[PDB]
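Please read the structure below before turning to the comments.
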Amino acid sequence: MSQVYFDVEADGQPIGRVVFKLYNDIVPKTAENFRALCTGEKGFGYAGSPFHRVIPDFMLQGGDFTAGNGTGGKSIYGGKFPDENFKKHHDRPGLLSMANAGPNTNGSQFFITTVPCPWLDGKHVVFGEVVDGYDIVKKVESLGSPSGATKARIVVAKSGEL
Amino acid sequence: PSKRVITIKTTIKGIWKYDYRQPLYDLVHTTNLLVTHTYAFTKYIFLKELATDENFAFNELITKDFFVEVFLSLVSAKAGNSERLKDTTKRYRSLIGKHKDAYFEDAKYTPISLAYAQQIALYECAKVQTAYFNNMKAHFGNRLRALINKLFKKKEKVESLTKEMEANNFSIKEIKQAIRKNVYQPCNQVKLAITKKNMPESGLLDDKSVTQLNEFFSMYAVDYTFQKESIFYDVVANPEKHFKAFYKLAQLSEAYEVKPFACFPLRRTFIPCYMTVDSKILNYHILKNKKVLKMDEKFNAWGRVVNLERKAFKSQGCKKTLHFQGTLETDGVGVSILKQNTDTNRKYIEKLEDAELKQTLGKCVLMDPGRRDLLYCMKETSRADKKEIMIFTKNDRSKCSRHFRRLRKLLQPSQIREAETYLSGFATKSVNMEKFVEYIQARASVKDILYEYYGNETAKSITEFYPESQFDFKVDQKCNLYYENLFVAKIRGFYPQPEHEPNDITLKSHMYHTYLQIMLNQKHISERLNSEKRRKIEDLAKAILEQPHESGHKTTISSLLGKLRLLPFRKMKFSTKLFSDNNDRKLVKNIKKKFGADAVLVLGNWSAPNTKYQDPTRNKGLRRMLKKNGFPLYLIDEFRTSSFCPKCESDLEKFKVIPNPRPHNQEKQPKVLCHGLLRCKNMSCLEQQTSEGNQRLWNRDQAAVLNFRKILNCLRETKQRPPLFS
DNA sequence: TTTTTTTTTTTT
DNA sequence: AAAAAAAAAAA
RNA sequence: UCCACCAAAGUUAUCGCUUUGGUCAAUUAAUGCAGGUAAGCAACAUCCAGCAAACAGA
DNA sequence: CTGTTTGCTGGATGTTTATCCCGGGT
DNA sequence: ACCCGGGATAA
Ligand SMILES: [Mg+2]
Ligand SMILES: [Zn+2]
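As given, the protein sequences belong to chains C and P, one line each in that order. Each residue of the first sequence is one higher than the last, beginning at 1 in the entry's author numbering. In terms of the entry's author numbering, the second sequence is residues 103 to 448, 465 to 844.
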């Protein structure tokens, strides 16, 4: 189980870091895709991708590195790849999963859950957990709005793996 | 050497430099309007002259030399040396001026300043002359035959004779023989007499018909004689001396309440049509150059407007023998590039031989062409346990056409509907002066709005076609974003949402801002809005944040964006052409995949005629496309190929009763007999059963292809069609 | 050689 | 009912 | 005033029939197909005659 | 049983280029 | 004496 970290900057001012742990042994393909996007090996990555949808008490979302408005996102395998498995459930906060527009439509967009979401089980794949920086996650969430619009531009400046 | 021309299609947005786009739009609009007015004014002059004196020499005026003067009369330019004008030009100009002022008032038209309009006039007048000649050559004989039948009162006499013989209890064949030898033969005698220009035998026609025939024959010169003693042949051989007569023929049709036909070609479409862009036209109108452009610089000028290095303009053909010669055809959206190889400086299977027929063993594909199912294809090796069947239906080809039709139906402004309904009260094909003038005035009354609506792609638009309209974004089940019906983009992260139905006011009031921001960044949306409107739209979007509950901002933004609801009709036509090509290639690929690369195609002999209450069907074009792709295509007759059971050669019948397939007709005729399902009368045809009465059920296309296979096998084994299908 | 005419396909 | 097709009857 | 494609079944080579499993570039986007640097292939405009869709008038 | 606008199908015919001179500028 | 349009004829 590898780990990945992101640096979060609001309006050009760094605000904190979030550390993730990936379920490589459980969801190898999705974890590999996320690691590749985080490391930029394939010539493209989350570097500079904004968080375009933060719903307070519900979720943070991001990963759109081609349009920055939720209409973009591509995976290493191509436009989309099928869902791998559902061995994990949205039973605890801090879970990192993939956003999709339906079955077998996974791309590069991801989201982090701040509260349990039992209604999302069987609809999205969970492949990570936040191990550190959850305080930064709450800090960013406090700037969100119910509609998902952020009070300030929040982007990922740097990303890395450990 | 032999000459070939190949055309390649593209778009203005791709090859045309942005700097020289508006001049092209202005030129296209002006040329289309001038051509339409040229057609209208030519018909007006012809009808005015022919409606006052029948001795007018109308035959000799159907030439490009007169159409050019008619076209130029609609353009204002500095006068030249009048004493150097040609003799015929003076007469043409005088004749045009005799009615120029009246026509301008009738059509409410003013000359449009357009310098260097000679080449455009020549190009458009060549097409006008071609249209006139083609229409006459095509329909003169048929309309003459129709008039001949009407003069003899064929239908009236047939009905009278039939109803008189019915009272006498005559037999069917006796009635038919009486009709043949009392009506048809004298009618044929009249046909021959009119064909050879000689009056028919006395008594075959009444006084009115004799007078009408005299009037028709007075159009031709007294000493003129039809070549080869056939008017139908002389029309094709020497059309020049028939146009006037044609007009008279048309008049006689209107004298008998027959359906009017367009004797004089007219342009009635409001969407701008393609115009020929030449090197001189590009130099004078688009490049705005004011000096002669010789052939040496011919390409260099084209290099300053479009890129010649792209695939569209590159040489093409075997050994790259076809080259672009500075001639295009464009309407402001679609562009056609012509390439030529020379300088511009002025069968049935039953009739095949053994050697050819017997080489197709194991490669024949039997096709049954239908109406709804365009192609039902079966291979020879097809078996009940291995269905090697293919179906190509009308829905696949008509997808795009039906979508565009529904879009136009739903998005048509009420004002355009009212204008079309009002214009519906004036026929155009009529040759009467009153109706033509009425149509001219009616068209002048609605031309502004119709052109503005249909020219929205490039013309200046200020009218608001959608008053009291509110627009709200929607998302479908596939997460695609639509404004009302305009696609925006596919949201790939839309499904993740909180508990169902978050009906809070703030969410539904603020998601509009997010959708608007997503939409405005789209290229195909931003390109349609200028900076003037975009700045105000963004300013209103900014204010929406402060007061989401206010509705005035949404109404104002909807009013501003109402322009997006107009449709790109020309680009829709271009997309239709692309969709047709894609469907053809998809069908070819499916044929090569399902059956084989070297499959031999056997197609039915159905002519697929255009029938009322059914959509047009593609039959000849389908065969031409199939042959162009290298498929050996052979026709097989469909005689008795669907009325017999392949299993036992017994007759078939229709038994199943189904609600009307077309939903709109269900309220009128709720149920009808099934047409595509048949059953075999022979009870023993089906496999053994405990006398349950079950009978084999067949799809008519499947039975047809099986019978085609039977016929092919019989031909292979004996070279003669099976007796049952004689 | 030319014009009706018989039988059949598709579907209403 | 209504459009074209192959082939036969009529002159 | 509507219906994209591929397979199983009611079922029998079963219908503008029906229930399922699989695909989705949506499109008011643009020269299309096929190839991985180029490189090859593809007739277009106008008019007319029929038919189709919306509305109107006998 | 007709009419306007659009479109689908099918048939028929094209798809440029110098040179001369008057009026104007001057 | 020199130059600059722009319609019109024509194969
Ligand atoms: Mg058939
Ligand atoms: Zn049978």
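We put the beta carbon where it would ideally sit given N, CA and C, even for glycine.
Identify whether residue i lies in helix, strand or coil by the three-state DSSP scheme.
| i | result |
| --- | --- |
| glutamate 785 of chain P | coil |
| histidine 52 of chain C | coil |
| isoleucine 643 of chain P | helix |
| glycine 122 of chain C | coil |
| residue 51 of chain P | Residue numbering for chain P in the displayed model covers 103 to 844; residue 51 of chain P lies beyond these limits and cannot be assessed. |
| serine 542 of chain P | coil |
| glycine 434 of chain P | coil |
| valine 394 of chain P | coil |
| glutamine 109 of chain C | coil |
| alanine 659 of chain P | helix |
| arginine 797 of chain P | strand |
| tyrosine 122 of chain P | helix |
| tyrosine 731 of chain P | coil |
| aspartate 91 of chain C | coil |
| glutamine 838 of chain P | coil |
| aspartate 755 of chain P | coil |
| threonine 212 of chain P | coil |
| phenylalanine 148 of chain P | helix |
| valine 140 of chain C | helix |
| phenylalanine 843 of chain P | helix |
| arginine 501 of chain P | strand |
| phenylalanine 762 of chain P | strand |
| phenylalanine 206 of chain P | helix |
| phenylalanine 81 of chain C | strand |
| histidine 618 of chain P | coil |
| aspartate 699 of chain P | helix |
Tell me which residue opens and which closes the alpha helix (DSSP H) that residue i is part of.
| i | result |
| --- | --- |
| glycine 243 of chain P | 220–254 |
| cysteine 420 of chain P | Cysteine 420 of chain P -> no alpha helix (DSSP H), and no H or E assigned at all. |
| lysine 361 of chain P | Neither: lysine 361 of chain P is in no alpha helix (DSSP H) and is coded neither H nor E. |
| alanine 577 of chain P | Here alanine 577 of chain P belongs to no alpha helix (DSSP H), and DSSP marks it neither H nor E. |
| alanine 36 of chain C | 28–39 |
| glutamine 287 of chain P | 287–297 |
| residue 93 of chain P | Since the displayed chain P opens at 103 and closes at 844, residue 93 of chain P lies outside it and no answer follows. |
| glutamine 61 of chain C | Per DSSP, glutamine 61 of chain C belongs to no alpha helix (DSSP H); it is in the beta strand (DSSP E), 59–62. |
| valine 172 of chain P | 166–175 |
| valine 312 of chain P | 309–320 |
| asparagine 817 of chain P | Segment 815–817 is the beta strand (DSSP E) holding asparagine 817 of chain P; no alpha helix (DSSP H) there. |
| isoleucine 274 of chain P | 274–281 |
I'd like to confirm the pairing. Which residues does DSSP put opposite residue i in its beta bridges?
| i | result |
| --- | --- |
| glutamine 13 of chain C | C:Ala10 |
| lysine 158 of chain C | C:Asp7 |
| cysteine 482 of chain P | P:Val718 |
| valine 775 of chain P | P:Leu791 |
| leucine 22 of chain C | C:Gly128 |
| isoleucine 439 of chain P | P:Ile110, P:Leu430 |
| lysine 592 of chain P | P:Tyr600 |
| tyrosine 466 of chain P | P:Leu753 |
The beta strand (DSSP E) with residue i in it runs from where to where?
| i | result |
| --- | --- |
| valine 408 of chain P | Run containing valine 408 of chain P: none; DSSP gives neither H nor E here. |
| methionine 508 of chain P | 507–511 |
| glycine 722 of chain P | 718–722 |
| residue 450 of chain P | Chain P lacks the residues between 448 and 465, and residue 450 of chain P is one of those with no coordinates. |
| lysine 608 of chain P | 605–608 |
| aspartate 491 of chain P | 491–497 |
| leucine 599 of chain P | 598–600 |
| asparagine 100 of chain C | First-last for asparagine 100 of chain C: undefined, no H or E at that position. |
| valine 107 of chain P | 107–113 |
Three-pair Cβ contact test at 8 Å for the region 332–351 of chain P versus the region 281–290 of chain P: no
Sufficient close CB pairs (3 or more, under 8 Å) joining the region 185–196 of chain P to the region 210–224 of chain P: no
Any heavy atom of ligand 2 within less than 7 Å of residue CB: hits in chain order: P:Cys763, P:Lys765, P:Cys766, P:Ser768, P:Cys798, P:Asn800, P:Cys803, P:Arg814
Touching by the beta-carbon criterion (3+ pairs, under 8 Å), the region 761–769 of chain P and the region 800–820 of chain P: yes
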